[PDB]
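Chain order of the listed sequences is A, B, C, D and E. Just so you know, we're using the deposited numbering here: the first sequence kicks off at 1 and counts up by one. Just so you know, we're using the deposited numbering here: the second sequence kicks off at 1 and counts up by one. Going letter by letter, the third sequence gives residues 2 to 215, 235 to 334 in the deposited numbering. Going letter by letter, the fourth sequence gives residues 622 to 1032, 1040 to 1265 in the deposited numbering. Just so you know, we're using the deposited numbering here: the fifth sequence kicks off at 2 and counts up by one.
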Amino acid sequence: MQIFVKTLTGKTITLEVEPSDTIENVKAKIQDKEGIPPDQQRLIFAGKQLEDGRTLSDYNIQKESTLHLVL
Amino acid sequence: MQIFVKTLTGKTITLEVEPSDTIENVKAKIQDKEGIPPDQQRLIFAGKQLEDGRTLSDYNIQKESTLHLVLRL
Amino acid sequence: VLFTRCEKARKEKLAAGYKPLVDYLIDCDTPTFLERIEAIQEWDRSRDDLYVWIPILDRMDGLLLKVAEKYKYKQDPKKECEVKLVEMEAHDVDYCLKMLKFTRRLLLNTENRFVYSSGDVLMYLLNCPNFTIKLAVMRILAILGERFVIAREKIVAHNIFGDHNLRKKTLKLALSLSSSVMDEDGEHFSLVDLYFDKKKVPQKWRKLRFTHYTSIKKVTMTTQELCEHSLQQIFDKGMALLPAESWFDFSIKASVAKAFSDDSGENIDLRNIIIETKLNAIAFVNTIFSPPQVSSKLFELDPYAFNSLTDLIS
Amino acid sequence: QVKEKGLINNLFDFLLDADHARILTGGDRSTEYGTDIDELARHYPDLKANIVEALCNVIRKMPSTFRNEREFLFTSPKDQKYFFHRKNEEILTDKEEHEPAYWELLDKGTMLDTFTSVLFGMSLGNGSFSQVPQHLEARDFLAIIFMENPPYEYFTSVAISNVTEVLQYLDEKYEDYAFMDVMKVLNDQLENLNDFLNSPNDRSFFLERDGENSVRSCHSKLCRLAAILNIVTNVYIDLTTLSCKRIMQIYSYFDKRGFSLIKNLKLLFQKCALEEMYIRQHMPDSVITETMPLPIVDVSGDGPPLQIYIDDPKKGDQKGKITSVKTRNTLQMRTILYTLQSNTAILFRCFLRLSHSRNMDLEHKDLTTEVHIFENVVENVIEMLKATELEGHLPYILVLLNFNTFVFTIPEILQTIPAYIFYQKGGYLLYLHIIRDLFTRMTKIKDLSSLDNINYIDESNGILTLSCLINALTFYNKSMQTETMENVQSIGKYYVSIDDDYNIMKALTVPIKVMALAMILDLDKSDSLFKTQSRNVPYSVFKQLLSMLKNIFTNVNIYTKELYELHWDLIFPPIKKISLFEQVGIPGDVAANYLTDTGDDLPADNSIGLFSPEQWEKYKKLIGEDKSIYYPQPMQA
Amino acid sequence: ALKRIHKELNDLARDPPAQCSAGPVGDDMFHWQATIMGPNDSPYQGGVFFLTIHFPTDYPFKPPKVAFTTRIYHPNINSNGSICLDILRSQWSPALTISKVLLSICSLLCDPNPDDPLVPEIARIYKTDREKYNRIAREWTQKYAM
């Protein structure tokens, strides 16, 4: 399903993910769309930083969710 | 037909729906009457949640049937 | 207390409905006012807001002061002079009790009691050597402060709990007697046993032995001497051999000894009064001290308090 | 059953009863009740019409329940006079509460508190309340807010706060629902006070009329006006609330209703300051300090009117020691006057700011209206300053100077265009004359050591003179440094028939410097400022003069051969020529097009042929002997 | 207050401000964690700041308690996280929303209030030396906010 990712320091994009996908996979997709490696990407949602080891299901991230990127 | 929705954190509301109506229509009407976005809405009937793709007739929801509304994050 | 304009207007409008009652207890002379307040025992209505009773309380607070100053119990901050251990006349004792008991009853049957503002009158009267007045004041103080622990905050309008002098006096009162003692024979004796014939009063409680450090001032009084001397005589004796600061403490211990010196009706009544004052002091200190502070100050020093309390309520 | 039986009507009808309204407490509980009614409307859209109809019906019915409950001003038993008359009088010293509290004890008071809390809750709901503008004209909504004969404390009450929230919500949603109506209400209220505003300026209106019912009537009018002004300044006209639509609405109002409002506000502030001064001159000092109006709930004290204490204000606890009927009446009067003055000053500052808040682009009509408003406000301020002589009115003059400084500044940097109009009308020359007179008066002061220890402002002549002189010198200094002036564009924005385009701020900076330097030289010629053998001037005054010298000798990169008077009707395309053409018969659009094409030049002959024969005759007849009044003219020395 | 907090969170979710984000902590809707990004052209620009918000049982009739969990340099912000803001102290109204509070805090970040500060030292160094205040704020943000 589709997800919304706004770059606070850049532009906004949309991605496709699955509930089981880890935040590391999301960061890898962000790198593919932009280029910055996951280590430098900072992911924020609902006022809490997103951890690579976790996943969307653990964070309860739903469809059309809007996340924030700091780079 | 008329159904009831009980908000565990409030009062009960009434919805005018039909058996063929999908759960998405019910969620939209619940948002209209309450203002909660449909994605934040979780509906429970007889202890089981409801899938947006299915219809009321699929879940065997009939006239006067009372659903429960909960929110999950 | 400070009320917002809307709150003050609402309170005034509410009190406007109690005007006949206020005129009933305010348009009468002092003896009639006393005989009228003493006739108010049961509440046939919901708990009245204490604000509507402000005119009455002040009047009572006016009279109590006249008795506090008459015996000089009012401690003057301008003077380092202490308070003499002088008993109150029985007439004055009844006069003060008639109003203190009514204050207890009123505080029991009212809410929004933060408006209660007498405060210092109770502090002054606590210095009275007579133990009935001490019991009444301790009862009123214990009913208060219970709100201050239920809410733990909020304007209170007396704030007497902060003072360290009152804390020290209350701790001394709560430690009067011991919930359990080891008699000479070695058999445990708890204060509850005072109401059963299966045991005898320990000889330790029957004799007075007070020691204070300035160089060590000692007052010793045997059972026979305590029986011969009156309570005021004992206070006079101790006052002549001890520094001022210790007098209050002595006034407790002596009063305890004289209570247990003989098994007379007056002595038994004084025993009951002292025990009730001890329980009320425990209740009060439980509300103006942190749990660890209470354990370190009272329960560790008096371990058998809980067992006696449980045994006394059946 | 609910719809037929009208239970929704019963949900509101009980709010017209004082007992139920008081029970609802008019706070939190009433807001929750309003939100609950809004949620009831939301859950059953079928009931929205009934709920709105019931709300409108109760709003319409509420004014009928108002009545003259009681009186707020009481004559003194000893002399049957409301206010003191001599500084040596005596005080009855009653035991009553020092400050009266009437509003919450009135039936309509608590009723309005509760009803406005309910309305605030419904607005918080953001549901059915959005439909009250329909089938309820604002002329009826305002009928409950601005009731006749309110208490002196009405403008500072929970009802007014809730009404402010509700009106802010409505203004944000419906921009033009009520602004015109409230402005009309304010103007009509000011008109009703014509007797009080136009009274002689040499004596106190109230003290002259003391002992008559006219005092009570005027005080009730002033209380209503104070409530109106508080609402206007808090909701509609505020520097923070000045939106583009708001500025356009103000322009439209002043275009289609005239400028009588500005004159009425000038008169209001002038008379309020005069009343405060005169009243303070007939009360014992103890009452003066006992009736200071400054500690109002939510004023903060900043801004005019300036407060002249008698005891140091950093001590506190100065109020409530002594009370009496006259003392309470004086307290009410002073509170009302203070709030009126403060709100009038805020309104004048907002009027002088207007579009420059947003820097939005303006059409010719909007620019002309803005400059007209500036001209009216500045001329009214100058008239206010000129009205009263400086002898014996030092407190009033100090308040006036503080008001002028506050009005001509941005929350501070000078407002360049209003200040330019101020200079063109002779305001700075008046300030110079006042400064010289105050300097001569200061030279008469017996000693100056005390003047250097000014922990606060008193009624002493020396300290008042020092404060007035310092205020005037500070205002003069702020108009000479380009760092503290709004950087408005050059005069080319306004005129085309000019010799040279010059930056308005820098061009204005020159004449002020010339006047200040001439004044300093004249003072030197008197052997006062310099050449003295003793410290004949306090430190602050000499520091201000040194700053003036430093600014005067600072350089600005313009030459400013001469300055052109700024007139609203002469802004290109000038309204005078357009109006003349309209009188002739030509449409305004054609006149504007011709003026733009010909570069602001009158048609000497009909060779262009756009004037009809009779039109040409009328044009030649109506021009007048002088054609110089249709072009900007240089400003005289 | 639950009906109010629900709609506040819904409003934030529908059109969240890109400057800040917030949500419940441990599903306790009365406890919220919020994120703020330093305002542009400010010494704190580019940083991330965490805040803890507690909603009183009588919300919105009383202001929420907002504390800066992350260390920050500002005249009106104390190291313990306490905030000195008008809307949270005296200018609170039920009409205000948490999003408006976050926007006001973000504006205050680049618009301090030296005349009425919380920690005197920061206000004094700000008034005496603007450049030194900017430098120290930048260093603190780099140390902690980044």
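Heads up, the beta-carbon is just placed ideally off N, CA and C, and yes, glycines get one too.
Asked                                                                                                                                                                                        : Found
Let me check one thing: in DSSP terms, what residues is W33 of chain E bridge-paired to?                                                                                                     : E:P25 and E:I54
Does any C-beta atom of chain D lie closer than 8 Å to the C-beta of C7 of chain C?                                                                                                          : yes
Considering only their Cβ atoms, is the gap separating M1176 of chain D from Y1222 of chain D smaller than 8 Å?                                                                              : no
Are the beta-carbon atoms belonging to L886 of chain D and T965 of chain D less than 8 Å from one another?                                                                                   : yes
Assess, as a yes-or-no matter, whether the segment 711-726 of chain D is touched by the segment 942-962 of chain D under the definition of 3 or more beta carbon pairs within less than 8 Å. : yes
Answer yes or no: does any C-beta atom of chain D fall closer than 8 Å to that of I13 of chain B?                                                                                            : yes
In chain order, what residues of the same chain have a beta carbon less than 6 Å from the beta carbon of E897 of chain D, not counting five sequence neighbours either side?                 : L958
Identify the continuous alpha helix (DSSP H) that holds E24 of chain B and give its terminal residues.                                                                                       : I23 to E34
Using a Cβ cut-off of 9 Å, pull out every chain D residue sitting near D59 of chain E, in sequence order please.                                                                             : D649
Please determine, among E:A146, E:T129 and E:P95, the residue with the shortest C-alpha to C-alpha distance to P57 of chain E.                                                               : E:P95
Name the residues in the segment 50-66 of chain A whose C-beta lies less than 8 Å from a C-beta of chain E; which are they?                                                                  : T66
Among C:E36, C:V150, C:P130 and C:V305, whose alpha-carbon lies nearest the alpha-carbon of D269 of chain C?                                                                                 : C:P130
Residues in its own chain within less than 8 Å of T111 of chain C by CB, not counting five upstream and five downstream?                                                                     : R48, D49, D50, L51 and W54
Around the Cβ of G937 of chain D, are there at least 16 other Cβ atoms within 10 angstroms (buried) or fewer (exposed)?                                                                      : exposed
Spatial neighbours of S65 of chain B within its chain, please: C-beta separation below 8 Å, excluding the five flanking residues on both sides.                                              : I3, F4 and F45
Using a Cβ cut-off of 7 Å, pull out every chain F residue sitting near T22 of chain B, in sequence order please.                                                                             : Considering every chain present, this structure includes no chain F. Its protein chains are A, B, C, D and E.
If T55 of chain B sits next to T22 of chain B, beta carbons under 8 Å apart, how far is it from one beta carbon to the other, in whole angstroms?                                            : 5 Å
Measure the CB-CB distance between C971 of chain D and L811 of chain D and report whether it falls below 8 Å.                                                                                : no
Using alpha carbons as the reference points, say which of D:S1088, D:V806 and D:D859 lies closest to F762 of chain D.                                                                        : D:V806
Taking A1219 of chain D as the reference, give the member of D:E1193, D:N1081, D:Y1247 and D:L1194 with the closest Cα.                                                                      : D:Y1247
Enumerate, from N- to C-terminal direction, the unbroken alpha helix (DSSP H) stretches of 4 or more residues contained entirely within the segment 863-937 of chain D.                      : 865-878, 881-901 and 906-911
Consult DSSP for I294 of chain C and reduce its assignment to one of helix, strand or coil.                                                                                                  : helix
In this structure, how does DSSP classify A642 of chain D when only helix, strand and coil are distinguished?                                                                                : helix
Whose Cβ in chain D lies nearer than 7 Å to the Cβ of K14 of chain C?                                                                                                                        : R643
If the cut is a Cβ gap below 8 Å, which residues of chain E does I36 of chain B touch?                                                                                                       : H7 and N11
Quick one: does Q34 of chain E have its CB under 8 Å from some CB of chain A?                                                                                                                : yes
According to DSSP, is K1074 of chain D part of a helix, a strand, or is it coil?                                                                                                             : coil
Determine, for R60 of chain C, whether the minimum Cβ-Cβ distance to residues of chain D falls below 8 Å.                                                                                    : no
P1016 of chain D and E1087 of chain D look like a contact to me (Cβ under 8 Å); what is the Cβ gap, rounded to whole Å?                                                                      : 7 Å
Which residues does DSSP pair with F211 of chain C in a beta bridge?                                                                                                                         : C:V239
Establish whether the CB of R48 of chain C and some CB of chain D are separated by less than 8 Å.                                                                                            : no
Please name the residues in the segment 733-754 of chain D whose beta-carbon is closer than 7 Å to at least one beta-carbon of chain E, in chain order.                                      : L745
Kindly confirm or deny that the segment 89-107 of chain E and the segment 60-69 of chain E touch, where touching means at least three C-beta pairs closer than 8 Å.                          : yes
Can you name, in chain order, every residue of its own chain whose Cβ lies under 6 Å from the Cβ of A277 of chain C, other than the five neighbours on each side?                            : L209 and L246
Would you kindly report the start and end of the unbroken alpha helix (DSSP H) that includes residue 1039 of chain D?                                                                        : The structure shown gives no position for residue 1039 of chain D: in chain D, residue numbering passes from 1032 to 1040 with nothing in between.
Give the range of the beta strand (DSSP E) segment to which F45 of chain A is assigned.                                                                                                      : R42 to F45
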